[PDB]
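Here is the structure we will look at.
Protein chains in written order, with the entry's author numbering: chain A, 848 to 895; chain J, 1 to 114.
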């Protein structure tokens with residue numbers, strides 16, 4: 848565990864990229880294809 | 001061996017219910033979406049319901065909202081539709097339809113019933 852506080856910045860950046868691409872994807876591909884990208888709390892799962 | 005037949009129906013008094021079915025055979029039923037389309041006897045078509053493959057997202061027209069009930073069970077490989085508190089303008093023909101593209105909702109409809 849002693850390594851992660853000198854590594855937390857990259858983790859915050861990657862979480863920010865997930866938030867941005869999730870909110871783009873859930874309104875681009877959202878009319879059709881409802882189960883994968885429909886809400887946002889499953890578009891996180893599909894991008895992961 | 002793609003086939004779609006039906007069951008149920010008959011006569012219901014105004015104030016009753018009816019629970020239909022749809023038998024599906026030949027394709028892989030857990031990779032399409034499925035939808036009921038009705039045909040009035042005055043030669044006009046109308047849409048009733050639809051449901052995605054996993055069974056969690058439904059869609060309904062506003063003219064019959066909150067009254068019909070549609071569901072799926074994957075292992076049984078058949079489709080349901082549950083009605084309650086009917087009206088008089090439901091004297092028509094019903095059908096059971098599969099969508100065209102995989103995993104999709106609301107595209108076209110390629111193979112109906114009878």
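Virtual Cβ for every residue (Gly too), placed ideally from N, Cα, C.
- Of all residues in the region 864-890 of chain A, only 878, 879, 880, 881, 882, 883 and 885 place a beta-carbon less than 9 Å from a beta-carbon of chain J.
- Residue 41 of chain J and residue 94 of chain J have their C-alpha atoms spaced approximately 11 Å apart.
- The DSSP-derived three-state label of residue 2 of chain J is coil.
- For residue 104 of chain J, the chain A residues whose C-beta falls within less than 9 Å of its own C-beta are 879 and 880, listed in chain order.
- With a threshold of 8 Å between beta carbons, residue 80 of chain J makes no contact with chain A.
- Contact of residue 60 of chain J with chain A is not assigned, every C-beta pair being separated by 8 Å or more.
- Residue 885 of chain A is classed as buried because its beta carbon has at least 16 other beta carbons within 10 Å across all chains shown.
- Of the residues J:67, J:105, J:65 and J:74, the one whose Cα lies closest to the Cα of residue 23 of chain J is J:74.
- Sequence-distant partners of residue 868 of chain A (beyond 5 residues in either direction) whose C-beta falls short of 8 Å from its own C-beta, in its chain, are 894.
- Nearest to residue 56 of chain J by C-alpha distance, out of J:62, J:45, J:34 and J:47, is J:34.
- Counting only residues of its own chain and dropping the five nearest sequence neighbours on each side, residue 67 of chain J has a CB closer than 8 Å to the CB of 83, 84 and 85.
- Note on residue 857 of chain A: under 16 other CB atoms within 10 angstroms of its CB, so exposed under the neighbour-count rule.
- Scanning chain A for C-beta atoms nearer than 9 Å to the C-beta of residue 74 of chain J yields nothing, as the closest lies near 13 Å away.
- Contact annotation for residue 57 of chain J against chain A: 881, 882 and 885 [CB-CB distance below 7 Å, chain order].
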